[PDB]
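Worksheet for the structure shown next.
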Number of protein chains: 2
Amino acid sequence: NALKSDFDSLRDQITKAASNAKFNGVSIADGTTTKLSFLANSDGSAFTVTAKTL
Amino acid sequence: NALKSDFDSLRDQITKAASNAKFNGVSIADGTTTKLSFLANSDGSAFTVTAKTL
């Protein structure tokens with residue numbers, strides 16, 4: 001049960017560390033969105049970046 | 001009787017040491033409070049530390 005409590009503290013600290021990762025309110029790895037569509041060229045074409053949930 | 005007297009002296013020093021473990025007026029081990037809390041991030045989420053009375 002001591003190793004169980006260790007495993008639980010590890011797993012929920014991972015939830016904390018993943019949830020707190022964001023820049024100006026958006027995150028590529030929180031799983032809130034499937035992608036972010038960053039600008040690429042003057043005509044409006046975007047540099048797609050697929051999200052990787054952590 | 002000598003052994004029970006040393007036994008009482010031991011259990012009394014245990015009460016002393018358990019009651020003297022305090023930091024800036026707060027203790028996680030004294031048993032005065034069910035838990036203690038600390039900041040996790042900028043928005044005010046807590047990092048709870050469950051008390052373990054000694």
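Chain labels A, B, ... are given in the sequence in which chains occur in the structure tokens; within each chain residues are numbered consecutively from 1, and ligands are likewise numbered from 1 in the order shown.
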
Check: which chain B residues lie within 12 Å of chain A using only C-alpha atoms, as a list in words: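 Output check: residues 40, 41, 42, 43, 44, 45, 46, 47, 48 and 49 of chain B.
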
Selected residues written out, N, CA, C and O atoms, as an mmCIF file, in the first residue's frame:
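The result, written out as selection.cif:
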data_model
loop_
_atom_site.group_PDB
_atom_site.id
_atom_site.type_symbol
_atom_site.label_atom_id
_atom_site.label_comp_id
_atom_site.auth_asym_id
_atom_site.auth_seq_id
_atom_site.Cartn_x
_atom_site.Cartn_y
_atom_site.Cartn_z
ATOM 1 N N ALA B 40 -0.221 25.444 -5.519
ATOM 2 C CA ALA B 40 0.255 24.615 -6.619
ATOM 3 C C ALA B 40 0.631 25.419 -7.852
ATOM 4 O O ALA B 40 1.579 25.052 -8.554
ATOM 5 N N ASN B 41 -0.082 26.510 -8.121
ATOM 6 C CA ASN B 41 0.115 27.299 -9.330
ATOM 7 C C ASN B 41 -0.524 28.666 -9.131
ATOM 8 O O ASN B 41 -1.093 28.963 -8.078
ATOM 9 N N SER B 42 -0.421 29.500 -10.171
ATOM 10 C CA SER B 42 -0.803 30.905 -10.069
ATOM 11 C C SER B 42 -2.292 31.119 -9.812
ATOM 12 O O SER B 42 -2.657 32.144 -9.226
ATOM 13 N N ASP B 43 -3.161 30.200 -10.232
ATOM 14 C CA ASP B 43 -4.598 30.424 -10.100
ATOM 15 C C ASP B 43 -5.140 30.056 -8.724
ATOM 16 O O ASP B 43 -6.335 30.248 -8.478
ATOM 17 N N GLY B 44 -4.302 29.534 -7.831
ATOM 18 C CA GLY B 44 -4.699 29.276 -6.462
ATOM 19 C C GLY B 44 -5.042 27.844 -6.109
ATOM 20 O O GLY B 44 -5.535 27.604 -4.999
ATOM 21 N N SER B 45 -4.795 26.885 -7.000
ATOM 22 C CA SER B 45 -5.034 25.486 -6.664
ATOM 23 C C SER B 45 -4.094 25.039 -5.549
ATOM 24 O O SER B 45 -2.946 25.482 -5.467
ATOM 25 N N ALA B 46 -4.597 24.169 -4.678
ATOM 26 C CA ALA B 46 -3.859 23.721 -3.504
ATOM 27 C C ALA B 46 -3.075 22.441 -3.772
ATOM 28 O O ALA B 46 -3.393 21.667 -4.678
ATOM 29 N N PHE B 47 -2.032 22.233 -2.967
ATOM 30 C CA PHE B 47 -1.311 20.964 -2.872
ATOM 31 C C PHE B 47 -1.549 20.454 -1.453
ATOM 32 O O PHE B 47 -0.819 20.813 -0.524
ATOM 33 N N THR B 48 -2.587 19.640 -1.286
ATOM 34 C CA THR B 48 -2.961 19.159 0.038
ATOM 35 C C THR B 48 -1.926 18.175 0.571
ATOM 36 O O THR B 48 -1.397 17.342 -0.170
ATOM 37 N N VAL B 49 -1.643 18.273 1.868
ATOM 38 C CA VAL B 49 -0.775 17.336 2.574
ATOM 39 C C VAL B 49 -1.565 16.823 3.770
ATOM 40 O O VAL B 49 -1.750 17.550 4.753
#

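Secondary structure of stretch 2-53 of chain A, strand (DSSP E) only (DSSP, backbone atoms): residues 35, 36, 37, 38, 39, 46, 47, 48, 49 and 50 of chain A.
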
With N, CA and C atoms retained, could you export that selection as a PDB file, in the first residue's frame?
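Ended up saving to selection18.pdb:
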ATOM      1  N   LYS A  35      -5.713  20.784 -32.630  1.00  0.00           N
ATOM      2  CA  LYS A  35      -4.633  21.416 -33.376  1.00  0.00           C
ATOM      3  C   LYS A  35      -4.620  22.909 -33.089  1.00  0.00           C
ATOM      4  N   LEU A  36      -3.514  23.552 -33.452  1.00  0.00           N
ATOM      5  CA  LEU A  36      -3.424  25.002 -33.527  1.00  0.00           C
ATOM      6  C   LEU A  36      -2.984  25.389 -34.932  1.00  0.00           C
ATOM      7  N   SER A  37      -3.602  26.433 -35.479  1.00  0.00           N
ATOM      8  CA  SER A  37      -3.415  26.820 -36.872  1.00  0.00           C
ATOM      9  C   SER A  37      -2.595  28.103 -36.940  1.00  0.00           C
ATOM     10  N   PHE A  38      -1.277  27.968 -36.826  1.00  0.00           N
ATOM     11  CA  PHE A  38      -0.333  29.076 -36.861  1.00  0.00           C
ATOM     12  C   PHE A  38      -0.123  29.577 -38.286  1.00  0.00           C
ATOM     13  N   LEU A  39       0.123  30.882 -38.404  1.00  0.00           N
ATOM     14  CA  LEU A  39       0.259  31.509 -39.714  1.00  0.00           C
ATOM     15  C   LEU A  39       1.520  31.022 -40.418  1.00  0.00           C
ATOM     16  N   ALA A  46      -1.895  28.490 -43.418  1.00  0.00           N
ATOM     17  CA  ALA A  46      -1.509  28.263 -42.036  1.00  0.00           C
ATOM     18  C   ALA A  46      -0.508  27.123 -41.906  1.00  0.00           C
ATOM     19  N   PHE A  47       0.307  27.200 -40.855  1.00  0.00           N
ATOM     20  CA  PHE A  47       1.247  26.149 -40.474  1.00  0.00           C
ATOM     21  C   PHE A  47       0.551  25.281 -39.430  1.00  0.00           C
ATOM     22  N   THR A  48      -0.120  24.227 -39.888  1.00  0.00           N
ATOM     23  CA  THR A  48      -0.841  23.344 -38.981  1.00  0.00           C
ATOM     24  C   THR A  48       0.126  22.591 -38.074  1.00  0.00           C
ATOM     25  N   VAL A  49      -0.249  22.467 -36.802  1.00  0.00           N
ATOM     26  CA  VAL A  49       0.512  21.720 -35.804  1.00  0.00           C
ATOM     27  C   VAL A  49      -0.472  20.836 -35.050  1.00  0.00           C
ATOM     28  N   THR A  50      -0.413  19.527 -35.293  1.00  0.00           N
ATOM     29  CA  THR A  50      -1.318  18.604 -34.620  1.00  0.00           C
ATOM     30  C   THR A  50      -1.022  18.563 -33.126  1.00  0.00           C
TER      31      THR A  50
END

Determine which residues of chain B receive a DSSP assignment of alpha helix (DSSP H), computed from the backbone, and state them as a VMD selection string. chain B and resid 2 to 19

Using only C-alpha atoms, the best pick from B:9, B:53, B:15, B:1 as closest to residue B:29 would be B:53

For residue B:33, which of B:18, B:10, B:3, B:51 is the closest residue, counting only C-alpha atoms?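 The closest residue to residue B:33 is B:51.
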
Could you state the separation of atom CA of residue A:30 and atom CA of residue A:4 in Å, given to one decimal place?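 According to the coordinates, atom CA of residue A:30 and atom CA of residue A:4 are separated by 25.9 Å.
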